[PDB]
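Chemist: Chains as they are written, first to last, in the deposited numbering: chain B, 663 to 704; chain F, 270 to 296, 331 to 364; chain E, 490 to 524, 536 to 561; chain G, 268 to 294, 320 to 337, 540 to 563. Think of the CB as a built atom: it goes at the ideal place given N, C-alpha and C, for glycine as much as any other residue.
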């Protein structure tokens with residue numbers, strides 16, 4: 663139900679640091695309101 | 270509540286507390336008002352000045 | 490707007506590295522991760549902050 | 268004047284606030325202050543650094559879920 667544990671769960675899932683930075687960049691790119699629904703789901 | 274970040278005002282609470290524990294004023332609404340005018344003298348970016356002034360006008364009015 | 494990256498500037502370390510508030514800033518992307537042409541750093545705390553803002557403003561009901 | 272400005276601020280003991288780096292004699321920082329909180333610690337004249547903001551995040555999520563319903 664909460665969303666604060668999903669981030670550390672994803673951090674444990676990815677494992678690699680630089681892939682986590684790339685995922686953070688992609689999620690920020692979604693967060694700054696230019697990415698549509700199709701881009702984020704894909 | 271605030272539609273944005275609800276922790277920021279709590280952060281602002283610390284932003285008053287250690288502000289009032291350091292210098293004790295050199296002369331409790333007046334410490335808020337002197338803040339936005341001592342802004343242009345610094346070399347800080349304009350976006351930081353904009354966020355500082357909207358933060359102090361949230362509490363001024 | 491297509492967000493045609495921002496390219497990598499390196500001469501005299503002209504990329505610049507300073508933390509802003511990192512939330513509600515609208516720097517058209519252009520972020521970096523540490524555990536116009538302005539880029540601030542991004543940590544995970546601001547990620548939780550602006551996703552909390554995003555899913556708070558997305559679901560009005 | 269003419270060298271007497273140093274003793275002018277001694278008698279009232281609190282008269283200026285523009286730049287006080289010494290305590291009583293008025294006449320790396322960004323990255324040091326960044327590691328704790330946000331930009332409200334500016335304009336001043540690891541597994542243990544995360545939980546202190548985790549508690550704040552639990553409180554904020556709890557309050558937002560309370561007001562939303």
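So residue 520(E) and residue 539(E) are supposed to be a Cβ contact under 8 Å. How far apart are they, rounded?
Modeler: Translated into positions along the third chain, residue 520(E) becomes position 31. Translated into positions along the third chain, residue 539(E) becomes position 39. Contact flag correct, Cβ pair sits at about 7 Å.
Chemist: Listed in chain order, which residues of the region 345 to 361 of chain F have Cβ atoms closer than 9 Å to some Cβ of chain G?
Modeler: So the close ones are 345, 347, 351, 354, 355, 358.
Chemist: Check the Cβ-Cβ distances between residue 557(E) and every residue of chain G, and say whether any is below 9 Å.
Modeler: Numbered from its first residue, the third chain carries residue 557(E) at position 57. For residue 557(E), the answer is no, since every Cβ of chain G falls outside 9 Å of its Cβ.
Chemist: If residue 273(G) and residue 294(G) are in contact, beta carbons under 8 Å, what's the gap, nearest whole angstrom?
Modeler: What you label residue 273(G) is simply residue 6 of the fourth chain in a count that begins at 1. What you label residue 294(G) is simply residue 27 of the fourth chain in a count that begins at 1. With 8 Å as the limit, residue 273(G) and residue 294(G) qualify as a contact, their Cβ atoms being about 5 Å apart.
Chemist: So, is residue 517(E) buried or exposed, given that buried needs 16 or more other C-beta atoms within 10 angstroms?
Modeler: Position 28 of the third chain holds residue 517(E). Exposed is the call here.
Chemist: Could you tell me whether the Cβ of residue 497(E) comes closer than 9 Å to any Cβ of chain G?
Modeler: In the third chain, the residue the question calls residue 497(E) occupies position 8. False, the Cβ-Cβ gap to chain G never drops below 9 Å.
Chemist: Take residue 286(G) and list the residues in its own chain whose beta-carbon comes closer than 8 Å to its own, dropping the five residues that flank it on each side.
Modeler: The residue labelled residue 286(G) in the question sits at position 19 within the fourth chain. Cβ within range, chain order: 293, 337.
Chemist: Determine the closest residue to residue 552(E) out of 682(B), 684(B), 699(B), 694(B), with distance taken between C-alpha atoms.
Modeler: Looking up residue 552(E) in the third chain gives position 52. Among 682(B), 684(B), 699(B), 694(B), the Cα nearest to that of residue 552(E) belongs to 694(B).
Chemist: Specify, as a first and last residue, the run of the alpha helix (DSSP H) that residue 548(E) falls within.
Modeler: Counting from one through the third chain, the residue named residue 548(E) turns up at place 48. Unbroken alpha helix (DSSP H) run through residue 548(E): 544 to 558.
Chemist: Around the Cβ of residue 675(B), are there at least 16 other Cβ atoms within 10 angstroms (buried) or fewer (exposed)?
Modeler: Taking the first chain and counting its residues from 1, the one referred to as residue 675(B) is at position 13. Exposed, by the Cβ-count rule.
Chemist: Alpha carbon to alpha carbon, what distance is there between residue 276(F) and residue 289(F)?
Modeler: Here the question's residue 289(F) lines up with position 20 in the second chain. Here the question's residue 276(F) lines up with position 7 in the second chain. If I take the Cα positions, the gap works out to 20 Å.
Chemist: Quick one: what's residue 522(E) bridged to in DSSP?
Modeler: For the purposes of this step, residue 522(E) is identified with residue 33 of the third chain, where counting begins at 1. According to DSSP, which records beta bridges pairwise, residue 522(E) is partnered with 542(E).
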